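A.B. asks: Based on what follows, work out the 3D shape:
(9 chains, ligands or ions: 4)
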Amino acid sequence: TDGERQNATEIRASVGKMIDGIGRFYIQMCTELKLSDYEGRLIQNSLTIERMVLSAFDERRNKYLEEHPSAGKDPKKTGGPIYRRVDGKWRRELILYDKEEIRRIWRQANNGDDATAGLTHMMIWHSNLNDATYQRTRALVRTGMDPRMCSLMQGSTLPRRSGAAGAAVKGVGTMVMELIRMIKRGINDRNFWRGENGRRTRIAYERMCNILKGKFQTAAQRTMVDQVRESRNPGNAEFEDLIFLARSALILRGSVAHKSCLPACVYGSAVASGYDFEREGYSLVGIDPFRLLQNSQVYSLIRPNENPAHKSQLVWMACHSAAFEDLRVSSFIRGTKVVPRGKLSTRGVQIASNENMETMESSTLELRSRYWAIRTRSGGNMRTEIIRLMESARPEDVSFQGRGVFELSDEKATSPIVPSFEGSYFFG
Amino acid sequence: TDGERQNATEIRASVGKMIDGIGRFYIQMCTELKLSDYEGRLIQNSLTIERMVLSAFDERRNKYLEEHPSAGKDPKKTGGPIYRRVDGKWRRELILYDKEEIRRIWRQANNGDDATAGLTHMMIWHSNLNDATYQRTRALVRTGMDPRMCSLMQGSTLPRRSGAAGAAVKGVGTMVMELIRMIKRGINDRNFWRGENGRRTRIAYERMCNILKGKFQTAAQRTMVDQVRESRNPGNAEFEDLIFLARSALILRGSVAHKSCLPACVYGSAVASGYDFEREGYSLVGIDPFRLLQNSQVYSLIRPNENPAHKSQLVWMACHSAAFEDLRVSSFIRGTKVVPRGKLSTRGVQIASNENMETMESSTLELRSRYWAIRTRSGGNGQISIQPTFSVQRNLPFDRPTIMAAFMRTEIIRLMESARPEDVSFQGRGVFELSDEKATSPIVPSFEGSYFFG
Amino acid sequence: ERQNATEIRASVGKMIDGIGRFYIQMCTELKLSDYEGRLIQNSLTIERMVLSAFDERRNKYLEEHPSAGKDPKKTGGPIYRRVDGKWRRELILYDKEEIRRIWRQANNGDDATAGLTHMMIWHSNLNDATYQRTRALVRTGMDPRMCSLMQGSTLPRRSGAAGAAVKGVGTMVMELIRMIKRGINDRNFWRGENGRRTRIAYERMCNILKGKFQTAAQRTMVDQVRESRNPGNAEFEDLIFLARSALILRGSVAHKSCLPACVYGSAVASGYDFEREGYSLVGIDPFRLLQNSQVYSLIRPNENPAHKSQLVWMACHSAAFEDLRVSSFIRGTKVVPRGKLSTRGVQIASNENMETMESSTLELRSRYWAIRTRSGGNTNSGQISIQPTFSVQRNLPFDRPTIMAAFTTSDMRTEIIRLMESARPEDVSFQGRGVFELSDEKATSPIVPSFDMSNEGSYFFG
Amino acid sequence: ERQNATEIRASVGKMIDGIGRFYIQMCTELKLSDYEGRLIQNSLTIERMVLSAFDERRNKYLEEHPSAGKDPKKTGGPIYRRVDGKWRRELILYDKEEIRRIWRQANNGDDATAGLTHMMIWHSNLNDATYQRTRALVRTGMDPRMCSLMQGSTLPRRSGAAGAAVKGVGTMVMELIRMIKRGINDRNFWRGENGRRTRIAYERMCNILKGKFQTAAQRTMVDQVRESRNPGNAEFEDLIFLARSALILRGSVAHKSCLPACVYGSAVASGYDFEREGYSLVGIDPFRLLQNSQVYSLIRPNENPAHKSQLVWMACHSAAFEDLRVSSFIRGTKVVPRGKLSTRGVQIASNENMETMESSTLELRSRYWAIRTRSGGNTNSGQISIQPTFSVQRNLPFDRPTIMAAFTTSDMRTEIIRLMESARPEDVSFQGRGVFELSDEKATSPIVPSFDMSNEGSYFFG
Amino acid sequence: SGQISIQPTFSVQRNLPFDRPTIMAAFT
RNA sequence: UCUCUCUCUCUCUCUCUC
RNA sequence: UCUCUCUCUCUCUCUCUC
RNA sequence: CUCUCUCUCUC
RNA sequence: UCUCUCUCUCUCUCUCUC
Ligand SMILES: *[C][C]([O])[C]O[C][C][C][N]C(=O)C1=[C]C(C2=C3[C]=[C]C(=O)[C]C3=OC3=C2[C]=[C]C(=O)[C]3)=C(C([O])=O)[C]=[C]1
Ligand SMILES: *[C][C]([O])[C]O[C][C][C][N]C(=O)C1=[C]C(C2=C3[C]=[C]C(=O)[C]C3=OC3=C2[C]=[C]C(=O)[C]3)=C(C([O])=O)[C]=[C]1
Ligand SMILES: *[C][C]([O])[C]O[C][C][C][N]C(=O)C1=[C]C(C2=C3[C]=[C]C(=O)[C]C3=OC3=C2[C]=[C]C(=O)[C]3)=C(C([O])=O)[C]=[C]1
Ligand SMILES: *[C][C]([O])[C]O[C][C][C][N]C(=O)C1=[C]C(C2=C3[C]=[C]C(=O)[C]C3=OC3=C2[C]=[C]C(=O)[C]3)=C(C([O])=O)[C]=[C]1
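C.D. replies: Residues are numbered from 1 along each chain as shown, chains lettered A, B, ... in the order given. Ligands and ions are numbered 1, 2, ... in the order given. Here you go:
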């Protein structure tokens, strides 16, 4: 410390410049799509705008679309459902946009720089929303993993384009599933792991194994993942130890980074208010996301016979990536009880084409929390040794000793408020 | 998802390329055998052409034929019955073709590559037709298996040449029969499981045990198969143990892949119509086969005193591999009642040599379904931990008994007693309309027999 | 065990005697004098006549497609005669059927292909010691620096298993790579009856290459190369990797001393019954034959006869890729590298000025003699385990990894790389083996060389 | 292996024959006499006519944007005629479609771009031997002293891979640096469809530059330069470093003898079938062609015809950046440096006084001939390892670093600097290679030069 | 200024000359 | 019925007229 | 009535003239 | 690990 | 330019003890 103050201040400015680009670009696209103040603050509109940018910068998929065009869709144009309110009622119209025009607007909003950080930030926000809304046991069962480890699927929907930043936020289950797919492909195809492309696959297999090893904490888990990496031709045996490693993560949890990626509508509103994130700085693990959400007002489209509070809770959890967190700690921070997924009277935020966009009304999302906490990249505290470690482990050991929850008025996190604690499983 | 869209698109193109080869090959063979449009669309003619291809690429059998030639049949020529309509009457003439000539024609149609995927696709189509038409209880009894487990006989006629692709579509009962025959040969021959060949047989035994194990869903069934695999000298103990496994599959059904493999005449007509499977892609479990059959007209030979509708239903059943599926669900999708096998007034599609090919008439097959559904590779039928997100002093809870729990025969019997023939499976999944190409609005049915082979 | 050895010696001696008496008959029919009959160039011409007469497929092709201005039933070559001390070259033509009849009469009515393969190996060794094959190496995509593995690259296909043992890892890899390249260019390769035949040839060549290798990882990798139905770029790259690995973890290449037919003919005319005495291509017999034999050669103006004699010696003993220090120790005279040899090839071209050419005696004599080996060294045998004799507490030791490796990932490239990384260019192989004096016929007392003085060069082609 | 070589020779001879017969047709259509047809300036004009007719992109641009007072469908140039012993220049205009038709008829209805590239390389070599490119060097930020790497700097883009082999490391570095500078000025470079095209061009140019280099460190550094998405100042500085390193650890630049079309036309009119005999741009064929060919040139008043002939000889053999000692040894006459040549360029300007101009015969004859090389020397091939023949104890040697370097910090600048620091300007490269007499067609007996007398200069531009 | 180094054209034995102090002084 | 130690041969095609 | 520490000797036969 | 990383992908 | 909470509602496989 006393030397990392400068480093911390430098990092804050760089993140603020990314958020400023996200906000500046959203403002331009809202002004260029001709969206009113209400429609601009709709979460459905923000997702559509975000998805347009992400697809506009997908070089690989765009190339494949050019080479092998789809039916009725030219590969040079993107878009999505844009919801406009005129005369009280809501209607949806598909907007088509050149991917190059979207790219120019995004680049100009970032002072002519690619700014791949902003795109990955939006990608993490979508993954957080998907994790809190949809549970992918089909992929777990399809790959041969037990569907009970749904707590390790953090960031399973993130595309491979989010490197480094994306891998930091994704969980052990997603990393294992990626490796298991590689093993399944290698077992099926004998030419896998061989030739020039096999060498490229090998380096990818090694690198993704290395990040999985760094995700673990106990020395035993790192050594076993080290063994799995050394296998030149991994097969069923490496299949099993990865499954065992995944099961051990439920007790000896890994270190998964948690960042609060807000929807682009919140950033656009803040930038229009004159907030200079570059000057004041930003942070995805501190109070800045919480203080932004407190002063931010966002609307959503509510399907008939749906509780706005439950939808607002879903967005609140996705914003802070609390999908797999303890319900008691999530409830304590928010101030209103967080209900498990099975008891939520709501469907996903995104509205499908086959849905009659005429009985849909809009509601204000309550994305405000009574308390605020710091997001953690840490967990808590051969093979027989691994089983021995989790036998000693009990579901009562106290973690994060002395670390609590602060007040929105306590911007320096000086006085923690330790909670004292009936379910605790969102997907249970 | 959003990353598996690309992979889904890749697979669609690869299967579409296979379908294109079959159609391109069929068109080439039709113009080389000099068949008109009606004869080109005959299912019997397509069967002969498909079988000629499969025999031309049978490397092992062809080698055996060369070494030990049959009587009056040179091992370099293949063929079959080709039916031509002259002056309104039908006649059959046996066509002989060089296997090298057929192999070259097939390879040229697939851009010079072997494309064994197209061959396995045709073999699956023949297997589906055999399953819907003929019931092999004689093989079940001869291996010692109870003749009642005919629901697990999916792909029992598939040759060993169909690996992976063929093995995925074959069922638990057929897999068990393969294991049993291996066991019987070991019991009869002491040299089995010993010597250089015994090593090869052991690896083959291991591989098909693993794929059989992956076919099951309950943990108890998988553990039971794992024990049988470990046996170095399998005998009656594994014989009985596998028999129990097959009986258990009737209640705790395994995962059998179901694909709609159509006759090559359908693909040939589609390709000749300018249709590009490689461009728009294809899928054997989606709406593509259903949409193809709606626009496709196929003729067949109908023997005297045979209901054309019943033969068409048999071909419809074979096309979608619904031989062992519920009659009520099949009747709902087709739109016309599906009859059990015992009430089908028709014999097999393939015509015999000894049959008087002069009282035979041809009819159009009604291979049209009112609805379309997704074929399943699955049979019948929460969170236990936490991941901290905030820096708080809480305790990270986990379900200790369940996590550490995962670290025989009475258990299996207990599982099936709890199961009853009323549990709803595939909850919320229904049948779509032909106009609904995106599978948006399912139509859940409300439901006298339900056994085809009953 | 001794009886089989004596029959093997008798059979090899029978082949040598047939070659020698054929040379005597050819010298009688060509009206060559003793000096002209001892010339290495005349013997080269005669041997090439034999090989071209019995090249059945080439003869048939020549009959079907005649050559330009040549009779397809006649062989020939340059025969050199000395008139008044001046050498002159002559092109004399012999019927192929006459040559075949003479050769068969030499081997007692038998078309002994073993002697033909022996002459083929002699020519291959001479070409290996004289000419480098870097252009063919570069064309096939292999580094020009693996010339040490290219032994027997000029051996034709008709040599068979006898010549296959002589050709090194580099030549086999090159031939397999040529096959893979042909398959890559044309897909109709590996299809049809020709496809089945070439698949069988590919399998056989892969199997003999696998037999060449010593370590288990190399054998596993060549096995994986063999198992591919349509070998493509990956198998060609794996073959290149194996060829490079053969530089450190060497292979089992068989080395034999195949002398020119002039020496055998002189020995047979002297009265040496190879059938009764017996001959070995890996023992003292070639050394003993070369010590008391006189061979003449044609020296072009401004050439060093010592360098030509050294070249012929290296060719005779197949020591082209041998360490220069051990070769010099065995020869007693410094074996100069190829770059500093002021001499061209043995054979004389048709355009040379046959008026300034001279004749020199070849010094094919060595101080020591050594056993020629098939092994390429140690790769890192003996006693693995202890059998207890005394009832004492003691740990009972055994080499567990070696025993277990015969009772057991799929990427053996990493294992091969690790094995070569462990090796150092200072390990001693062939431990306890030395060079024997010429009087030590039974190879009883070995002499171990101590190369620990100032360093000479080690690579002939360096 | 020989068949491919003879087809290559036949193809090159076909190109040469096409060029020569085109020159004959052009001389017939221009009504030039024999002397005027052998003038090097007239041949330069005719070749430039050919190149401008087939410059498709420039022709299209000229059609879209016409030049000032010029027909965009007509080429031309100075044609010199002798009347009463006085030389006069003429500007005659030919339709581009007529020139294209004549060229295609010369190559048998084919638009053989190989001959056009040959003439392009001849012009580039002449410009390299005549004019220095220091201003362009300084503008791009490279030292004016790396002129030895600027071979082929005047070659246009349409030459392609054939001309890419001829251009040196300096020109490729200069073009890449121009691209980087354009990217630095405007960020819209490397963006859009033009951005994708220029990224592909940058990758291809980096790859051929990497192929030019020899040592592994230089290849790794150019690979690192290629991998940058937005190359900036760092990659431009690294390119400058590589260019400076190329002065000691030289690159692989291909040198070919591309003669003026007058020589080819005279040879074709004489009756030399290049198709049957075959032609090589790196062997004796250009030397043999130049020895018996007569070429005339225009000498401005107060000039030395010997110096002009030496300049044309250097241009013909692409020996501009060659050591003066070896060039003089091959030529037999002293190759004077550029500073002491009392001569200007070959081409005559339009403002010159065409009444005092004279004509001189060019002495394009050399005493010796040598093989033109692509290699830039040794950087510090052969036999890496020993294959044991004799069963003797011995250490088995191999070159461990060389074998291992193909099986394996990230700052290779230090390694490159160390490699160049080890080198000295006294090492002998191309060992055992010499200069052959003109009668030695097959390159059998080499002559090694001994430059160990009083020192002459070595750099042409020094 | 001038030409510091030689670029070989002919395959002849020869020493390849360069101005070592001038090249090295830019690397110290 | 030929010749040779030691890759330098040949097709590679061009961001823009420059 | 013989000799020896430490497998390498020998038959293996060739996709095509190359 | 109460904040100290990120300029993207087998592109 | 898709859709979905909670067992495969689509993710093939480049053929055989040859
Ligand atoms: C054991 C052993 O024997 C095995 O082997 C294997 C190899 C051999 N083969 C060869 O060579 C060949 C083959 C063939 C064929 C084929 C191929 C491929 C596929 O896929 C199929 C097939 O089929 C067949 C054949 C033959 C014959 C018959 O009959 C069939 C060929 C062709 O085809 O051509 C060639 C070669
Ligand atoms: C890998 C191989 O195969 C290929 O490669 C290629 C390379 C070169 N090029 C490139 O890359 C480019 C790209 C681009 C783009 C971009 C850039 C950057 C970022 O970040 C993003 C992006 O995105 C996109 C693109 C394109 C297209 C689309 O769609 C998208 C470019 C531009 O943009 O311009 C160029 C080039
Ligand atoms: C293929 C490989 O092996 C390589 O090849 C090349 C080298 C070797 N050789 C061979 O093989 C051959 C050769 C030949 C020839 C000849 C022979 C004999 C005589 O006498 C002469 C001759 O000539 C020649 C040749 C070739 C080429 C040229 O150029 C010349 C042959 C024939 O001829 O046939 C064969 C083989
Ligand atoms: C069979 C087994 O055991 C192996 O064998 C071989 C080794 C041992 N030995 C034996 O047994 C024997 C020997 C012999 C001999 C002898 C004897 C005695 C004496 O004295 C001398 C002798 O000599 C000899 C022998 C053999 C061989 C040779 O080479 C020489 C015998 C007889 O002789 O009989 C027997 C036995």
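A.B. asks: For the rest of this, base every contact and every neighbour count on C-alpha atoms.
C.D. replies: Fine.
A.B. asks: near RNA strand I, which residues of the stretch 1-150 of chain A?
C.D. replies: Counting by Cα under 7 Å from any atom of the strand, the stretch 1-150 of chain A comes close to RNA strand I at A:52, A:55, A:72-75, A:77-81, A:94-96, A:130, A:133-138, A:141-142, A:146-147.
A.B. asks: Go back to those and keep what's next to chain C.
C.D. replies: By Cα under 8 Å from any Cα of the partner chain, no member of those lies near chain C.
A.B. asks: Which among those count as buried?
C.D. replies: The neighbour-count test (16 or more other Cα atoms under 10 Å in any protein chain shown) applied to those identifies A:52, A:55, A:75, A:77-81, A:130, A:133, A:135, A:137, A:147 as buried.
A.B. asks: any idea where the strands of chain A begin and end?
C.D. replies: In chain A, the strands defined using DSSP state E lie at A:77-86, A:89-98, A:299-302, A:361-364, A:371-372, A:406-407.
A.B. asks: for those, which one sits closest to ligand 1?
C.D. replies: Among those, strand A:77-86 comes nearest to ligand 1, with 42.8 Å by Cα to the nearest ligand atom.
A.B. asks: Mind giving me the packing neighbours of that closest one?
C.D. replies: helix A:37-40, helix A:43-56, strand A:89-98 (3 or more Cα pairs under 8 Å, 6 or more residues apart in numbering or on different chains; DSSP states H and E).
A.B. asks: picking up where we left off before, who wins for proximity to RNA strand G among the strands of chain A?
C.D. replies: strand A:77-86 (53.0 Å; Cα to the nearest atom of the strand).
A.B. asks: Tell me if I'm right that residue A:245 and residue A:221 touch.
C.D. replies: Yes. Under the criterion of Cα atoms under 8 Å, residue A:245 makes contact with residue A:221 at 7.0 Å.
A.B. asks: Which one of the two is surrounded by more residues?
C.D. replies: Taking other Cα atoms under 10 Å in any protein chain shown, residue A:245 and residue A:221 do not tie; residue A:221 has more neighbours (26 against 21).
A.B. asks: Let me see the contact set for that one.
C.D. replies: Neighbour list for residue A:221: A:213, A:245, A:382, A:386 [criterion: Cα atoms under 8 Å, 6 or more residues apart in numbering or on different chains].
A.B. asks: dump the residue contacts of the last one.
C.D. replies: With contacts defined as Cα under 8 Å, 6+ apart, the neighbours of residue A:386 are A:220, A:221, A:248.
A.B. asks: Quick one: name the residues of chain A near ligand 2.
C.D. replies: Proximity of chain A to ligand 2 (Cα under 6 Å from any ligand atom) is limited to residues A:56, A:57, A:58, A:59, A:62, A:114.
A.B. asks: got a list of what the fifth one touches?
C.D. replies: What that stands for is residue A:62. By Cα under 8 Å, 6+ apart, the contact list for residue A:62 reads A:55, A:56, A:75, A:76.
A.B. asks: partners of the closest residue to the first one other than its chain neighbours in the sheet?
C.D. replies: Taking Cα to Cα, 6 or more residues apart in numbering or on different chains, and ignoring the residues beside it in sequence, residue A:55 has residue A:78 as its nearest neighbour in space, at 7.2 Å. Using DSSP bridges, the beta-bridge partners of residue A:78 come out as residue A:97.
A.B. asks: that older thread, which of the contacts of residue A:386 lies closest to ligand 2?
C.D. replies: Ligand 2 has its nearest neighbour among the contacts of residue A:386 in residue A:221, at 35.5 Å by Cα to the nearest ligand atom.
A.B. asks: angle of the top helix by length along chain A against strand A:77-86?
C.D. replies: If you go by DSSP state H, chain A has its longest helix at helix A:4-33. Orientation check (axes from the mean of the first three to the mean of the last three Cα atoms, to 10 degrees): helix A:4-33 against strand A:77-86 gives 70 degrees.
A.B. asks: How far off centre is helix A:4-33?
C.D. replies: From the chain centre to the centre of helix A:4-33 is a distance of 18 Å (Cα atoms, centre = their mean, to the nearest Å).
A.B. asks: elements contacting it?
C.D. replies: Applying 3+ Cα pairs under 8 Å, 6+ apart, one finds that helix A:4-33 makes contact with helix A:99-109, helix A:116-133, helix A:264-272, helix A:277-280.
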